[PDB]
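In: partial complex follows, first chain(s) only, in situ:
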Amino acid sequence: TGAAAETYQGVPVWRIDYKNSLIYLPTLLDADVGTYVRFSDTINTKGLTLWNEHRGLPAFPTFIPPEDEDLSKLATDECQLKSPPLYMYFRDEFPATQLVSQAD
Amino acid sequence: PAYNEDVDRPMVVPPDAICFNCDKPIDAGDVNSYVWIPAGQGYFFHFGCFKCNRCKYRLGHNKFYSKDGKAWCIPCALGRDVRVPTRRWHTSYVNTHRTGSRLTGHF
Amino acid sequence: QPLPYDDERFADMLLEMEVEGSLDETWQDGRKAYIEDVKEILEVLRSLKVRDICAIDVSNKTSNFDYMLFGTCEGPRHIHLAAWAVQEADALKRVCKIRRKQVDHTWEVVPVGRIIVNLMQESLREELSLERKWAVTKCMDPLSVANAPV
Amino acid sequence: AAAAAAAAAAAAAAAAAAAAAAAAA
Amino acid sequence: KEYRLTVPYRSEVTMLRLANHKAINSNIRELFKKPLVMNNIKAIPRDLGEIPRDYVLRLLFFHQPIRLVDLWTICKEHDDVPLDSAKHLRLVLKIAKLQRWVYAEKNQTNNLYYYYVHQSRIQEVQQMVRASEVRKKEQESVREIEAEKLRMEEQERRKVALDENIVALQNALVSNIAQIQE
Amino acid sequence: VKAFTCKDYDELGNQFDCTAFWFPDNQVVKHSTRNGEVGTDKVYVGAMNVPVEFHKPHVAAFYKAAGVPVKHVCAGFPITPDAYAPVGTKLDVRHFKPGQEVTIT
Amino acid sequence: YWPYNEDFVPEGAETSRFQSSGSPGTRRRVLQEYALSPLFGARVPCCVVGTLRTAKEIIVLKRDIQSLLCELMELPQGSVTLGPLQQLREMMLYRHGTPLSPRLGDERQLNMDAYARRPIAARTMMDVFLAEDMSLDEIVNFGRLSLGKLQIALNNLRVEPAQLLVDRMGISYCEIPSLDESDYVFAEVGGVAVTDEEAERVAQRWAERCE
Amino acid sequence: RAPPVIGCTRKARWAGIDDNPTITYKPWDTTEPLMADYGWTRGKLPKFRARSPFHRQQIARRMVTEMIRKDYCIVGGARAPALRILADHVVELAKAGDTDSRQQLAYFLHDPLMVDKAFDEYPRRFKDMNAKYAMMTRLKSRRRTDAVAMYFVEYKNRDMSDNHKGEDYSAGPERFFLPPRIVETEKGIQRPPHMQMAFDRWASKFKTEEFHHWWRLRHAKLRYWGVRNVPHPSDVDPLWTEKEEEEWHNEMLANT
Amino acid sequence: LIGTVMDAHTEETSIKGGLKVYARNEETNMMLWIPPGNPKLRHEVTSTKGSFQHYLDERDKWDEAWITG
């Protein structure tokens, strides 16, 4: 038991840092540091499509950075893209429908 | 227990410790063959002198009865006629330098 | 110059923290209930002919609610009707309705945000004196935690 | 020596309500 | 095959426990636990003698009614006691009973109390009186020795002051000599 | 590459044990197709630059034949013809989106 | 099983403070002041010089290197300053881009049509700074002049300060690294937006304290 | 959220390090110089075979003491890297030179004389050396006993070393109790008087004849136990004789 | 809640931090680990310094409560 090609399916992305070329996924892998992970784009979920007008469209075929911008002219905090919340409510509590009382 | 702690009382042997029976000094520096009993007061015996001062025999129970400053075995002290021992006569079977007495003491 | 509290050092630390203006800054919150809403609920209950309406503020005291309301009703049907009326009055910000099958035929509680209304019968109200407990309980003293465990 | 043990639930509601702080202190 | 011996850093308590070699000041607990033939731990020598008997008699006279446990506690409280473990005391009481000095007596309580025989207690009373007289004489001699010691201490102070004066003058002379060279 | 691990927090009080993956120099290393069969189009993407002496002779020969800078690792992705990118293209981490769904192998 | 024994701190011993004040508001205000404060140890480098030798050999010639650089940049003697000598790691597996990476002979901007970089040409580095009063344009001009002179000296090598530096001192590299933009643009401290007036007031206060 | 594999789990001998958040338990302060845990994980020294961790600690102490006594030591198997790292730690203690460091080294080693020798010579010997003070060569000659790789662990900067200068270890001396061979160009060196006296006292024991009787008795013991190539105690000859003593005395006087 | 500091994971600001607290209400003794950077768990060390004697006695109180429980 051990070394084996495992494949987590549909892990949401959480944070992109294109200055340092880092992607943060809100999960923990059972893999050692330095492993060459392969990232692919999930094509559907819950009977829907990942790319669509309701959610958005990708940089098809890939992302081509503009000409004027220069990553060497930007700090690390100016080059981070945080994802919208994955959950809908505070998971310590319950949703307002199931909650006895809510503060708002 | 083992190694009875002697912090309160150092448990040292004075150079001029006199044999309880023959009344002669004990020189602990040369050898430890002598017999010491703290009983904390202090008692000292030569290995030879440990025998009863009256019958000059060993102690069956390893216990003696001091009388007139001299150690007399329980039979002699109680008055029962001394019965000659069989296993050994002139010894005491005690252990030298408190080793047979280190079991009891102050902690 | 000792201090009556069991833990003198911690009690002195807490007193200094409270005086310097740090406990209030840390605990400050603007989500307090509204006496106007309390009065509107009082008027609704009076219109529905509820008896012995009490409004006890619990914001200062350690609790999970502010401005608890207590009322006594003549029967389970009256309790259910009053609860429905309270929920309808809260309809604007209300998120969900109460059960239509009264689980407890002698006690119904409608939570309205920070405010909570408890409608009971006279017997149960006299049995459990929540009003007396919440009126007698002392406010949240920061030094109160400077005592022995229990 | 450091924790105080008390039986508050055995007391009546009135006592446990009007003398909780006094007993705890 | 014990965890303590397996520990990378053997503790001193475990080291002492393992130190069961047949030598002076070796652990007595381990030797006693070992078979009698293997080791040489013989019977504990005790003095069931006249001086211990007199000490026990004095303690009993002080606490006329007393249990064995209470007498042992009093002995423990007393600093310069020639007894230990209370087994020496029990043996002393046994020999005293055999010699008609101290006798036991049963009571309604499950325990029994040791009293002093009437035909032998009178000797203890005079023995205690003589001991008190000797103590008073020793105290008077100690007071005389204290007076002699204070006088000798005054003389010692005088001669020590003389020695200090001469030594200080010698040191001053040495320092003055050492100043000339520099 | 799997860079490190940290903990982040949502706008709400939700804590996520995030794993940060580093994306070194990435380039489309090769294009493949099994005799033009439909659906067999594949793009091979490199992972990280590497010296000449690092790789085995056959791997070095493969990269020399490709003409792309030598890469330590090369993965493959089945795609559609419209998704092709020229060999030697530079891929930025912004190829993905903050909130999308990724398959991690 | 507690991590700390009762004697971890000496009995009846005072402990030094670890934060300004218990008040969160004043703590945040002090944090904002310090964050918006200008850097005090910041020094833009006029030019980073580099040698293929080791620090234990370049320390002896460090002063001579400084004098020769000052002569080369046509400045009054003692006008330039040298930063700490930094020896780059002897990486068995080269990794371009790391600060402690031996600088290569060339760069892509210099030889775009090359299938590899030229071998290592610097194992130790030392920054050269001018007077802080010098403008950014002046610093850039001095760095470019020094770089051009050193490049010409190397080319002709393949008397004057450049030749002396190349031959005697042994330096065989020089660069003008980009500005350290890692600094933080504190537009919000403790969740509170930094108003322009507040930022200007903090800057004025720091300037007054410095003067 | 929790990781997939929860708790401290043992992995393969050669496995990578993952930064997944788990409660880490260390037996003690592994950062201490001479108190290092032995294990097959990358953060621990290799654990050479022993009957117990206490026995492993005893073996480590013996190896370090022998290294200090004579810089060069030949050790078989996984204990070679452990010995090298322990020697580096001893050098670090010596360079630190603190009284607490000296007391720690005294606790560790078996020989206070060797503790003093290390704390006296290693500071100046490795003042100019940063990190690696011990080298570990691998010998192509494997032990016939159990066919285990042998490693020659040596200290560096022998020239800067004072008591070990000009020593060549290509081949051991004629007798183990004689001073080690000396390079021809370094024949005039003189060792510290205290170390010289200690070595002379140690060698006198073997120079005694009762040692010759013990040697013959060892021949007899091994012959009885089963070791094959043990010549009969009738044929064995003493290691030390008068003519050899005077020749070696002349050699020692010449070497100084 | 108001509590003491039983332990701190790291000595300098970092996301991989965390701090232990021993809150003690009327009749509740809860020892909790709180991580920094959480927008909802606003934890503030209200004093500029701490007392090791206070830490010791509070730790003793927690130990007694845990044993009794």
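Out: Received, thanks. Numbers count the residues shown, from 1 in each chain, chains lettered A, B, ... in the order given.

In: so what's residue G:82 up against?
Out: Contacts for residue G:82 (CB atoms under 8 Å, 6 or more residues apart in numbering or on different chains) come out as G:62, G:65, G:66, G:69, G:126, G:127, G:128, G:129. For the C-beta atoms, the positions are set from N, CA and C on the backbone; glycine is no exception.

In: nearest to chain E among the residues you listed?
Out: Lowest distance from chain E to the contacts of residue G:82 (CB to the nearest CB) belongs to residue G:62, with 46.2 Å.

In: burial of that closest one, as a residue count?
Out: 14 (other CB atoms under 10 Å in any protein chain shown).

In: where's the residue nearest to residue E:11 when sequence neighbours are not counted relative to chain D, distance?
Out: Nearest residue to residue E:11, sequence neighbours excluded (CB to CB, 6 or more residues apart in numbering or on different chains): residue E:4, at 6.5 Å. Going from residue E:4 to chain D by CB to the nearest CB, to the nearest Å gives 32 Å.

In: residue E:4: which element?
Out: Taking DSSP states H and E as the definition, residue E:4 sits inside helix E:3-6.

In: okay, now the residue nearest to residue E:11: neighbour count?
Out: Residue E:4 has 13 neighbours, counted by other CB under 10 Å.

In: over to residue C:115?
Out: Taking other CB under 10 Å as the criterion, the count of residues near residue C:115 is 22.

In: quick one, phi/psi of it?
Out: Residue C:115 adopts backbone torsions of phi -100, psi 140, taken as degrees, to the nearest 10.

In: what separation do you get for it and residue C:90?
Out: Going from residue C:115 to residue C:90 by CB to CB, to the nearest Å gives 9 Å.

In: do residue E:10 as well
Out: Per CB to CB, residue E:10 is found 73 Å from residue C:90.

In: all strands for chain F, in order.
Out: Under the criterion DSSP state E, chain F contains strands at F:2-9, F:15-22, F:26-32, F:42-46, F:74-78, F:90-91, F:101-104.

In: chain J goes on too:
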Amino acid sequence: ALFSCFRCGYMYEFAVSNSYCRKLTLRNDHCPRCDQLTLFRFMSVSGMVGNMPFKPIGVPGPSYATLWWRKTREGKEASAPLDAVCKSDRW
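Out: So that you can see how it sits with the rest, here is chain J on the chains above:
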């Protein structure tokens, strides 16, 4: 551990490591009270060098006799006459 001169009774404390297992029960040392090399007898245990796995340092614990000896030699009453001479914390 505590070691006491055989004759003098002067006691000194020193922890014993694994390297000196066969010198715990008995020792030989230059006692200060008597200016001669004298035998020293073990009396009590202070604490092992190092520490056992996964436990605090002081888990083995000094013996009560060692604690009492240390208290007598460095306590409030003992330190009072000397603390005035020089604050034990500094010079």
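
In: please look at the nearest residue to residue E:11 again, because chain J has been put in.
Out: Per CB to CB, 6+ apart, closest to residue E:11 is residue J:48, 4.4 Å.

In: how about residue J:34?
Out: In this structure, residue J:34 finds its nearest non-sequential neighbour in residue J:8, 5.2 Å apart by CB to CB, 6+ apart.

In: check which helix or strand that neighbour maps to.
Out: With DSSP H and E as criterion, residue J:8 is part of no helix or strand.

In: residue contacts, the closest residue to residue F:15 other than its chain neighbours?
Out: In this structure, residue F:15 finds its nearest non-sequential neighbour in residue F:9, 5.5 Å apart by CB to CB, 6+ apart. Residue F:9 makes contacts with F:15, F:16, I:37, I:38, I:39, as judged by CB under 8 Å, 6+ apart.

In: ok, now residue H:115?
Out: Contact partners of residue H:115, counting by CB under 8 Å, 6+ apart, are H:68, H:102, H:105, H:106, H:109.

In: separate out the buried members of these.
Out: The neighbour-count test (16 or more other CB atoms under 10 Å in any protein chain shown) marks H:68, H:102, H:105, H:106, H:109 as buried among the contacts of residue H:115.

In: now, among those residues, which is nearest to residue G:138?
Out: Proximity of those to residue G:138 (CB to CB) peaks at residue H:102, which lies at 56.9 Å.

In: residue in chain B nearest to chain I?
Out: At 28.2 Å from chain I, residue B:7 is the closest residue in chain B, using CB to the nearest CB.

In: and that residue, how many neighbours?
Out: Per other CB under 10 Å, the neighbour tally for residue B:7 reads 21.

In: wait, is residue J:28 part of a helix?
Out: No - counting by DSSP: H, G, I helix; E, B strand; the rest coil, residue J:28 is not part of a helix but strand.

In: wait, isn't it in contact with residue J:36?
Out: No - judged on CB atoms under 8 Å, residue J:28 makes no contact with residue J:36 at a distance of 10.8 Å.

In: throw chain K onto that model:
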Amino acid sequence: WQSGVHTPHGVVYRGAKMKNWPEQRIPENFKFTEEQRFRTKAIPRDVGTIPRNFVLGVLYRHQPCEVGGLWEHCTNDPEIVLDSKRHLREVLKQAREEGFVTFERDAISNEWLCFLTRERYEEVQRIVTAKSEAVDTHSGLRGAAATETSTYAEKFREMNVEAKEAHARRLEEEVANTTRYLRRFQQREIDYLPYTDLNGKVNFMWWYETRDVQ
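Out: With chain K added, the chains above now look like this:
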């Protein structure tokens, strides 16, 4: 130790300096952080034959010795071998453990007075006499002035016959002046080397010399 950090600035001990230890200035603004100050250690000091003999001689001179009085007497004495008050306290502790010095809370004053054990008083007297005789025999210049020696003997006899308290005080003042004058040029250096005994306990071997600063 260093004057500026271990003591407030301006505090200097006129004892015996350590060999090769550099007296380096420290800025007045210097101050430790409390945790570092707690974690700070101290170099072990000599508690052996010479320091204990010196302290016993000082106590023999001034049988009633207060704390400040004892320190001042030690500083005044020209045979100083100690280095600092910490060294003095360590030597006093060693003497107490050996069973030489006894500390008593004086009834007249709260200060802790010091006395010498009567059992050890004979040993102290023997040590003092032996040291005095050794110094007298070693001093080569001493005895060159027979007239001076005779006058000093006459002074000793005069002090013995009369009340010698004033004479002793004047001699103490003269000794202090001479010690200052000596310190102006010479100084007693201490040189130490650590070693490990057979028991495994790290100790220090010390030797004291006299160096002329000039």
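
In: repeat for the neighbour count of residue E:4, accounting for chain K.
Out: 14.

In: which residues of chain C fall in helices?
Out: Secondary structure of chain C, counting by DSSP state H: helices at C:8-20, C:23-27, C:35-47, C:76-89, C:122-127, C:130-136.

In: next: chain E.
Out: Going by DSSP H, chain E shows helices at E:3-6, E:12-18, E:28-33, E:50-62, E:68-77, E:87-98, E:118-181.

In: which residues touch the closest residue to chain K within chain I?
Out: As assessed by CB to the nearest CB, chain K sits closest to residue I:49 within chain I, at 9.6 Å. With contacts defined as CB under 8 Å, 6+ apart, residue I:49 is in contact with G:15, G:16, G:17, G:18.

In: just put these in JSON lines and tack on secondary structure, neighbour count and distance to residue B:104.
Out: Shown next, in JSON lines, are the contacts of residue I:49 (DSSP: H, G, I helix; E, B strand; the rest coil; neighbours: other CB atoms under 10 Å in any protein chain shown; distance: CB to CB, whole Å):
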{"residue": "G:15", "secondary structure": "coil", "neighbour count": "14", "distance to residue B:104": "50"}
{"residue": "G:16", "secondary structure": "coil", "neighbour count": "12", "distance to residue B:104": "54"}
{"residue": "G:17", "secondary structure": "coil", "neighbour count": "11", "distance to residue B:104": "58"}
{"residue": "G:18", "secondary structure": "coil", "neighbour count": "11", "distance to residue B:104": "57"}
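
In: is the helix holding residue E:4 up against chain J anywhere?
Out: No - Helix E:3-6 lies out of reach of chain J by CB under 8 Å from any CB of the partner chain, never closer than 8.5 Å.

In: hang on, the earlier thing: and the helices of chain C: which comes nearest residue H:256?
Out: Between residue H:256 and those, the shortest gap by CB to CB is with helix C:8-20, which sits at 71.0 Å.

In: mind giving me the packing neighbours of the closest one?
Out: Judged by 3 or more CB pairs under 8 Å, 6 or more residues apart in numbering or on different chains; DSSP states H and E, helix C:8-20 is in contact with helix I:52-68.
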